[PDB]
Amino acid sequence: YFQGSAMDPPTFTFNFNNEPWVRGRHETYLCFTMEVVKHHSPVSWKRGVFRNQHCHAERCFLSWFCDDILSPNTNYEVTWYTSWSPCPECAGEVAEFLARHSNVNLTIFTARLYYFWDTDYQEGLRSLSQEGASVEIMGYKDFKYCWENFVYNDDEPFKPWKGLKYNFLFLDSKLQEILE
């Protein structure tokens, strides 16, 4: 039902903080939802969380999906909520995966942009977009959704941090400059 382990609240709060230059976030958290659509069956859903170490989270996701999930005559609507955006090696692997598997649709929401000022990382993001992945920055609604779905929230509402929206606005500006 749930792939991997949900986060405790302080881990989520730490890891999904969206200050563009945060220090000390060495992990990439990769939360996902997936709609599994097969013609003569009811639609089904899967959700979970991947972390680093097929080493990086993005590659762990691809390897699990191929080994456990991918089936003929099935369409997949996949959404990632990542704490960091991908490195160029991961981006290239995800892009080639998407080229190889036309029945997979990927939407990526990211809290932060990893090395957004580096051209190699910019190209990685571009190549993802060019293979049909939608790349977006997480806003309030996406943080709220992750809190509700991937965190042991103990029925407590999401508490947005100061600067959340301003950070979103800065990061989205950078993303659109990259994707342009």
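Residue numbers here begin at 1 and follow the sequence given.
Unmodelled stretch separating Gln53 from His54: 4 to 9 residues (count of deposited-sequence residues without coordinates). Between 117 to 125 and 57 to 65, it is 117 to 125 that carries the larger average Cα temperature factor according to the deposited entry.
For the pair 137 to 145 and 39 to 47, the mean Cα B-factor is higher in 39 to 47. Taking only the listed residues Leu70, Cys31, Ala111, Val151, the entry reports the highest CA temperature factor at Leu70. Compared with the other modelled residues of the chain, the Cα B-factor recorded for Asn103 ranks in the highest third.
Annotation for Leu179: CA B-factor lies in the highest third of the chain's modelled residues.
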